[PDB]
Amino acid sequence: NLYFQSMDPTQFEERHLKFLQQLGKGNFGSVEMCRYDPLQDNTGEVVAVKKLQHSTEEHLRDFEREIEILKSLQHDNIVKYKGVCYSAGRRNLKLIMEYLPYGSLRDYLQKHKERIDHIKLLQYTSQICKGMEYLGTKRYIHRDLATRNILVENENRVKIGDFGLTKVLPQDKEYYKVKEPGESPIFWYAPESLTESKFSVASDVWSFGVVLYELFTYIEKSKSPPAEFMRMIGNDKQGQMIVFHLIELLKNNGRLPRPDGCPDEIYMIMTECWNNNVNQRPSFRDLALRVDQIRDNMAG
Ligand SMILES: N#CCNC(=O)c1ccc(-c2ccnc(Nc3ccc(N4CCOCC4)cc3)n2)cc1
């Protein structure tokens, strides 16, 4: 009460934050490209600015937690927090982060295949694993690892780029039970997340396996996880029947197929991540080392 939490409301003043482009909309948020030009001279750093789509009270509280999460992270493969803009005369909140020019990895794989080969995919795989190792040191569970939430700085660097579903483990538990679910990315979820709403480092590893699948399908039309699972389940299914069949399929070892051209050894990594036995999934440290050894064992 007496003294409010430290914040720097003059770091990004709304009057100097200049719109450049709309970048995308999520479930609860919208992201713009802006230029922060305090010397009103048409210069300044380019930044990404996350805002809410629907500014209810509950969403604002969750957004504050997301901001605190991102601010606490400093790693080469995590999008860089810059600050907050308290716009509308300090009656609204916007999150300021660095701007990464090539957008989501999902889009980059579809739009920039000319500059992607397996070496690059393994580099991105490694970088994602290292960012996730770092999250684990903070006891953060991402809960939405997917190529749409990874951002591309350049052909040699990707970063985990969004944290809107991230949760902090309780002190005395190795899982977080989500007890207010909203929209769920079911085709990336581990079975125990689907059946018990339990999220953990190990369920992030499961989702990472799906990310690795996404990378090697090159975001090919008809090969995405939703399209492939729907083909396996039955394309005509609708509503909860989809979830029922997805759960039953996963529990009895149904899995996404090996992408065309994917090496057996990379598919093996995927299938080890997709273990119904939570404790048998590899760690992100195991995965980064294995991927970097594969890369390093190539000639050159
Ligand atoms: N709400 C919600 C879920 N999160 C986002 O939508 C989200 C989060 C972060 C960023 C972000 C952060 C830093 N840099 C960038 N760069 C970026 C560059 C290009 C594009 N696209 C280029 C192609 O057309 C569509 C936008 C998208 C983001 N994005 C974008 C969207």
# chains A, B, ... in the order shown; residues from 1 in each chain; ligands from 1
$ residues_near_ligand --ligand "ligand 1" --cutoff "6 Å" --atoms "only C-alpha atoms and all ligand atoms" --output "MDAnalysis selection string"
chainID A and resid 23:31 48 98:104 161:162
$ select_by_dssp --residues "region 79-225 of chain A" --states "strand (DSSP E)" --output "count of residues only"
27
$ closest_residue --among "A:90, A:118, A:59, A:148" --to "residue 224 (chain A)" --atoms "only C-alpha atoms"
A:148
$ atom_distance --atom1 "CA of residue 245 (chain A)" --atom2 "CA of residue 213 (chain A)"
20.6 Å
$ select_by_dssp --residues "region 92-300 of chain A" --states "alpha helix (DSSP H)" --output "PyMOL selection string"
chain A and resi 105-111+118-137+191-196+201-217+225-233+240-251+264-273+284-297
$ residues_around --residues "region 198-207 of chain A" --least-positions-apart "6" --cutoff "9 Å" --atoms "only C-alpha atoms" --output "NGL selection string"
:A and (129 or 132 or 135-136 or 139-146 or 167 or 169 or 174-178 or 187-192 or 270 or 272-275 or 278-284)
$ write_last_selection --atoms "C-alpha atoms" --output "mmCIF file, in the first residue's frame"
data_model
loop_
_atom_site.group_PDB
_atom_site.id
_atom_site.type_symbol
_atom_site.label_atom_id
_atom_site.label_comp_id
_atom_site.auth_asym_id
_atom_site.auth_seq_id
_atom_site.Cartn_x
_atom_site.Cartn_y
_atom_site.Cartn_z
ATOM 1 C CA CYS A 129 16.010 -26.043 -26.288
ATOM 2 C CA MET A 132 13.676 -23.679 -22.517
ATOM 3 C CA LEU A 135 12.935 -21.121 -18.400
ATOM 4 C CA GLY A 136 13.269 -24.265 -16.302
ATOM 5 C CA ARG A 139 10.553 -22.829 -12.682
ATOM 6 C CA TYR A 140 8.453 -21.373 -15.497
ATOM 7 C CA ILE A 141 6.229 -23.616 -17.617
ATOM 8 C CA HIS A 142 5.650 -22.092 -21.034
ATOM 9 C CA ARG A 143 2.481 -24.084 -21.930
ATOM 10 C CA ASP A 144 2.313 -22.843 -25.532
ATOM 11 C CA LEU A 145 5.513 -23.930 -27.225
ATOM 12 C CA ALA A 146 4.762 -23.941 -30.962
ATOM 13 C CA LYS A 167 2.873 -20.286 -15.318
ATOM 14 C CA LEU A 169 5.468 -23.771 -10.587
ATOM 15 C CA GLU A 174 6.760 -30.128 -10.104
ATOM 16 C CA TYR A 175 3.547 -29.401 -11.958
ATOM 17 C CA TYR A 176 1.050 -26.553 -12.209
ATOM 18 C CA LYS A 177 -2.617 -27.570 -12.349
ATOM 19 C CA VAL A 178 -4.429 -24.971 -14.436
ATOM 20 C CA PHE A 187 -2.733 -30.484 -30.673
ATOM 21 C CA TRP A 188 0.474 -29.482 -28.839
ATOM 22 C CA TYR A 189 -0.650 -30.787 -25.430
ATOM 23 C CA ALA A 190 0.789 -33.736 -23.557
ATOM 24 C CA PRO A 191 -1.767 -36.389 -22.582
ATOM 25 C CA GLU A 192 -1.680 -35.501 -18.875
ATOM 26 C CA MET A 270 10.397 -36.474 -31.477
ATOM 27 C CA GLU A 272 11.169 -39.797 -27.156
ATOM 28 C CA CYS A 273 9.653 -36.410 -26.308
ATOM 29 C CA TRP A 274 6.208 -37.933 -26.963
ATOM 30 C CA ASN A 275 6.412 -40.463 -24.124
ATOM 31 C CA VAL A 278 6.195 -38.138 -17.978
ATOM 32 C CA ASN A 279 9.404 -39.004 -16.114
ATOM 33 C CA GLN A 280 10.893 -40.839 -19.126
ATOM 34 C CA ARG A 281 10.825 -37.767 -21.378
ATOM 35 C CA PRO A 282 14.315 -36.296 -21.913
ATOM 36 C CA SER A 283 15.256 -32.996 -20.330
ATOM 37 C CA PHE A 284 15.876 -29.862 -22.343
#
$ residues_around --residues "region 70-72 of chain A" --least-positions-apart "5" --cutoff "8 Å" --atoms "only C-alpha atoms" --output "list in words"
residues 80, 81, 82, 83 and 163 of chain A
$ write_last_selection --atoms "N, CA, C and O atoms" --output "PDB file, in the first residue's frame"
ATOM      1  N   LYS A  80      13.756 -10.041 -26.014  1.00  0.00           N
ATOM      2  CA  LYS A  80      14.253  -9.131 -24.989  1.00  0.00           C
ATOM      3  C   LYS A  80      13.162  -8.187 -24.497  1.00  0.00           C
ATOM      4  O   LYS A  80      12.587  -7.427 -25.287  1.00  0.00           O
ATOM      5  N   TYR A  81      12.921  -8.197 -23.191  1.00  0.00           N
ATOM      6  CA  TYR A  81      12.051  -7.215 -22.561  1.00  0.00           C
ATOM      7  C   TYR A  81      12.711  -5.850 -22.612  1.00  0.00           C
ATOM      8  O   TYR A  81      13.914  -5.722 -22.369  1.00  0.00           O
ATOM      9  N   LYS A  82      11.924  -4.821 -22.917  1.00  0.00           N
ATOM     10  CA  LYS A  82      12.410  -3.445 -22.894  1.00  0.00           C
ATOM     11  C   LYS A  82      11.761  -2.597 -21.816  1.00  0.00           C
ATOM     12  O   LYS A  82      12.429  -1.806 -21.173  1.00  0.00           O
ATOM     13  N   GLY A  83      10.456  -2.738 -21.611  1.00  0.00           N
ATOM     14  CA  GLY A  83       9.792  -1.913 -20.619  1.00  0.00           C
ATOM     15  C   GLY A  83       8.296  -2.004 -20.796  1.00  0.00           C
ATOM     16  O   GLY A  83       7.790  -2.912 -21.453  1.00  0.00           O
ATOM     17  N   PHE A 163       4.779 -15.276 -24.035  1.00  0.00           N
ATOM     18  CA  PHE A 163       4.697 -15.876 -22.704  1.00  0.00           C
ATOM     19  C   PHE A 163       3.316 -15.720 -22.069  1.00  0.00           C
ATOM     20  O   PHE A 163       3.190 -15.859 -20.851  1.00  0.00           O
TER      21      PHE A 163
END
$ closest_residue --among "A:39, A:152, A:119, A:242" --to "residue 106 (chain A)" --atoms "only C-alpha atoms"
A:152
$ closest_residue --among "A:293, A:84, A:94, A:41" --to "residue 53 (chain A)" --atoms "only C-alpha atoms"
A:94
$ atom_distance --atom1 "CA of residue 222 (chain A)" --atom2 "CA of residue 105 (chain A)"
17.6 Å
$ residues_around --residues "residue 255 (chain A)" --least-positions-apart "4" --cutoff "9 Å" --atoms "only C-alpha atoms" --output "count of residues only"
5
$ closest_residue --among "A:122, A:150, A:85, A:212" --to "residue 291 (chain A)" --atoms "only C-alpha atoms"
A:122
$ residues_around --residues "residue 125 (chain A)" --least-positions-apart "4" --cutoff "10 Å" --atoms "only C-alpha atoms" --output "PyMOL selection string"
chain A and resi 119-121+129-130+158+208-209+211-212+215+287-288+291-292
$ write_last_selection --atoms "C-alpha atoms" --output "mmCIF file, in the first residue's frame"
data_model
loop_
_atom_site.group_PDB
_atom_site.id
_atom_site.type_symbol
_atom_site.label_atom_id
_atom_site.label_comp_id
_atom_site.auth_asym_id
_atom_site.auth_seq_id
_atom_site.Cartn_x
_atom_site.Cartn_y
_atom_site.Cartn_z
ATOM 1 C CA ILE A 119 21.433 -27.465 -40.697
ATOM 2 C CA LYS A 120 19.348 -24.363 -40.026
ATOM 3 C CA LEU A 121 16.478 -26.416 -38.605
ATOM 4 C CA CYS A 129 16.010 -26.043 -26.288
ATOM 5 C CA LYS A 130 18.476 -23.608 -24.676
ATOM 6 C CA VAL A 158 15.450 -17.563 -33.120
ATOM 7 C CA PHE A 208 8.839 -29.261 -28.024
ATOM 8 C CA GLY A 209 8.546 -32.607 -29.790
ATOM 9 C CA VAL A 211 7.747 -28.037 -32.524
ATOM 10 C CA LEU A 212 10.466 -30.311 -33.913
ATOM 11 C CA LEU A 215 10.175 -27.629 -38.271
ATOM 12 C CA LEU A 287 18.016 -32.471 -25.944
ATOM 13 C CA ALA A 288 20.304 -29.477 -26.498
ATOM 14 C CA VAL A 291 21.091 -31.922 -31.072
ATOM 15 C CA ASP A 292 24.392 -30.053 -30.816
#
$ decode --residues "region 128-160 of chain A" --atoms "N, CA, C and O atoms" --output "mmCIF file, in the first residue's frame"
data_model
loop_
_atom_site.group_PDB
_atom_site.id
_atom_site.type_symbol
_atom_site.label_atom_id
_atom_site.label_comp_id
_atom_site.auth_asym_id
_atom_site.auth_seq_id
_atom_site.Cartn_x
_atom_site.Cartn_y
_atom_site.Cartn_z
ATOM 1 N N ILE A 128 16.001 -23.213 -29.367
ATOM 2 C CA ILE A 128 14.751 -23.348 -28.631
ATOM 3 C C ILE A 128 14.974 -24.146 -27.361
ATOM 4 O O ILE A 128 14.485 -23.784 -26.279
ATOM 5 N N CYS A 129 15.733 -25.233 -27.466
ATOM 6 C CA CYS A 129 16.010 -26.043 -26.288
ATOM 7 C C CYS A 129 16.752 -25.243 -25.222
ATOM 8 O O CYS A 129 16.470 -25.399 -24.029
ATOM 9 N N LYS A 130 17.697 -24.391 -25.628
ATOM 10 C CA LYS A 130 18.476 -23.608 -24.676
ATOM 11 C C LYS A 130 17.615 -22.556 -23.994
ATOM 12 O O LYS A 130 17.727 -22.363 -22.782
ATOM 13 N N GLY A 131 16.747 -21.878 -24.754
ATOM 14 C CA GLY A 131 15.788 -20.979 -24.132
ATOM 15 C C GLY A 131 14.927 -21.690 -23.113
ATOM 16 O O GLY A 131 14.635 -21.166 -22.040
ATOM 17 N N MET A 132 14.497 -22.910 -23.440
ATOM 18 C CA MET A 132 13.676 -23.679 -22.517
ATOM 19 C C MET A 132 14.459 -24.189 -21.314
ATOM 20 O O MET A 132 13.907 -24.234 -20.208
ATOM 21 N N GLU A 133 15.732 -24.552 -21.477
ATOM 22 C CA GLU A 133 16.558 -24.835 -20.305
ATOM 23 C C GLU A 133 16.524 -23.653 -19.342
ATOM 24 O O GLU A 133 16.364 -23.819 -18.128
ATOM 25 N N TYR A 134 16.669 -22.450 -19.889
ATOM 26 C CA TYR A 134 16.687 -21.237 -19.075
ATOM 27 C C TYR A 134 15.352 -21.054 -18.360
ATOM 28 O O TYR A 134 15.319 -20.792 -17.151
ATOM 29 N N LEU A 135 14.231 -21.245 -19.065
ATOM 30 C CA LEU A 135 12.935 -21.121 -18.400
ATOM 31 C C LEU A 135 12.840 -22.069 -17.216
ATOM 32 O O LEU A 135 12.290 -21.711 -16.164
ATOM 33 N N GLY A 136 13.325 -23.300 -17.380
ATOM 34 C CA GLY A 136 13.269 -24.265 -16.302
ATOM 35 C C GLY A 136 14.013 -23.821 -15.060
ATOM 36 O O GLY A 136 13.613 -24.170 -13.943
ATOM 37 N N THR A 137 15.103 -23.049 -15.227
ATOM 38 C CA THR A 137 15.850 -22.573 -14.063
ATOM 39 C C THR A 137 15.023 -21.595 -13.246
ATOM 40 O O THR A 137 15.315 -21.370 -12.066
ATOM 41 N N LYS A 138 14.041 -20.954 -13.876
ATOM 42 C CA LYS A 138 13.133 -20.038 -13.202
ATOM 43 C C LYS A 138 11.873 -20.744 -12.727
ATOM 44 O O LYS A 138 10.991 -20.095 -12.151
ATOM 45 N N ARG A 139 11.754 -22.048 -12.995
ATOM 46 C CA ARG A 139 10.553 -22.829 -12.682
ATOM 47 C C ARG A 139 9.323 -22.302 -13.423
ATOM 48 O O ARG A 139 8.203 -22.319 -12.906
ATOM 49 N N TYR A 140 9.536 -21.832 -14.647
ATOM 50 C CA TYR A 140 8.453 -21.373 -15.497
ATOM 51 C C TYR A 140 8.091 -22.465 -16.488
ATOM 52 O O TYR A 140 8.968 -23.088 -17.088
ATOM 53 N N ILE A 141 6.791 -22.661 -16.668
ATOM 54 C CA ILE A 141 6.229 -23.616 -17.617
ATOM 55 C C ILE A 141 5.586 -22.794 -18.723
ATOM 56 O O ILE A 141 4.668 -21.992 -18.461
ATOM 57 N N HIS A 142 6.070 -22.971 -19.952
ATOM 58 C CA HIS A 142 5.650 -22.092 -21.034
ATOM 59 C C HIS A 142 4.201 -22.340 -21.441
ATOM 60 O O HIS A 142 3.441 -21.386 -21.654
ATOM 61 N N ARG A 143 3.826 -23.606 -21.625
ATOM 62 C CA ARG A 143 2.481 -24.084 -21.930
ATOM 63 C C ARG A 143 2.005 -23.810 -23.346
ATOM 64 O O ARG A 143 0.895 -24.219 -23.681
ATOM 65 N N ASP A 144 2.766 -23.128 -24.178
ATOM 66 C CA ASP A 144 2.313 -22.843 -25.532
ATOM 67 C C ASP A 144 3.482 -22.887 -26.502
ATOM 68 O O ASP A 144 3.598 -22.068 -27.415
ATOM 69 N N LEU A 145 4.371 -23.840 -26.329
ATOM 70 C CA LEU A 145 5.513 -23.930 -27.225
ATOM 71 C C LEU A 145 5.017 -24.460 -28.568
ATOM 72 O O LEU A 145 4.406 -25.531 -28.640
ATOM 73 N N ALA A 146 5.253 -23.687 -29.614
ATOM 74 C CA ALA A 146 4.762 -23.941 -30.962
ATOM 75 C C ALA A 146 5.509 -22.964 -31.856
ATOM 76 O O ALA A 146 5.933 -21.905 -31.387
ATOM 77 N N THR A 147 5.715 -23.330 -33.126
ATOM 78 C CA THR A 147 6.481 -22.422 -33.978
ATOM 79 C C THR A 147 5.832 -21.048 -34.137
ATOM 80 O O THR A 147 6.544 -20.076 -34.410
ATOM 81 N N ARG A 148 4.514 -20.930 -33.947
ATOM 82 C CA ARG A 148 3.878 -19.623 -34.041
ATOM 83 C C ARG A 148 4.344 -18.680 -32.933
ATOM 84 O O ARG A 148 4.191 -17.460 -33.071
ATOM 85 N N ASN A 149 4.888 -19.221 -31.843
ATOM 86 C CA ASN A 149 5.323 -18.443 -30.686
ATOM 87 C C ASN A 149 6.829 -18.320 -30.579
ATOM 88 O O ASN A 149 7.341 -17.822 -29.572
ATOM 89 N N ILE A 150 7.549 -18.754 -31.594
ATOM 90 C CA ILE A 150 8.982 -18.570 -31.722
ATOM 91 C C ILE A 150 9.182 -17.501 -32.782
ATOM 92 O O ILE A 150 8.480 -17.497 -33.797
ATOM 93 N N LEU A 151 10.111 -16.584 -32.543
ATOM 94 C CA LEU A 151 10.347 -15.473 -33.445
ATOM 95 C C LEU A 151 11.738 -15.572 -34.049
ATOM 96 O O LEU A 151 12.655 -16.122 -33.435
ATOM 97 N N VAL A 152 11.892 -15.002 -35.237
ATOM 98 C CA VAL A 152 13.124 -15.127 -36.011
ATOM 99 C C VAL A 152 13.795 -13.762 -36.082
ATOM 100 O O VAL A 152 13.256 -12.822 -36.681
ATOM 101 N N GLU A 153 14.994 -13.664 -35.495
ATOM 102 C CA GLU A 153 15.770 -12.433 -35.586
ATOM 103 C C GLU A 153 16.501 -12.331 -36.923
ATOM 104 O O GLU A 153 16.525 -11.265 -37.554
ATOM 105 N N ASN A 154 17.098 -13.432 -37.364
ATOM 106 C CA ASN A 154 17.815 -13.523 -38.626
ATOM 107 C C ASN A 154 17.964 -15.011 -38.924
ATOM 108 O O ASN A 154 17.529 -15.864 -38.142
ATOM 109 N N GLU A 155 18.593 -15.316 -40.059
ATOM 110 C CA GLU A 155 18.682 -16.711 -40.471
ATOM 111 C C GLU A 155 19.443 -17.568 -39.467
ATOM 112 O O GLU A 155 19.334 -18.794 -39.534
ATOM 113 N N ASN A 156 20.151 -16.969 -38.512
ATOM 114 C CA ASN A 156 20.933 -17.739 -37.556
ATOM 115 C C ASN A 156 20.465 -17.615 -36.114
ATOM 116 O O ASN A 156 21.160 -18.107 -35.212
ATOM 117 N N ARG A 157 19.304 -17.021 -35.857
ATOM 118 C CA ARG A 157 18.895 -16.797 -34.474
ATOM 119 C C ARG A 157 17.385 -16.732 -34.359
ATOM 120 O O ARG A 157 16.744 -15.879 -34.981
ATOM 121 N N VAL A 158 16.849 -17.599 -33.511
ATOM 122 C CA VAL A 158 15.450 -17.563 -33.120
ATOM 123 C C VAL A 158 15.362 -17.364 -31.611
ATOM 124 O O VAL A 158 16.303 -17.636 -30.860
ATOM 125 N N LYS A 159 14.198 -16.880 -31.175
ATOM 126 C CA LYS A 159 13.948 -16.621 -29.768
ATOM 127 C C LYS A 159 12.512 -16.970 -29.424
ATOM 128 O O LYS A 159 11.599 -16.726 -30.211
ATOM 129 N N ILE A 160 12.311 -17.543 -28.243
ATOM 130 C CA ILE A 160 10.951 -17.741 -27.749
ATOM 131 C C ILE A 160 10.341 -16.359 -27.540
ATOM 132 O O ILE A 160 10.924 -15.512 -26.856
#
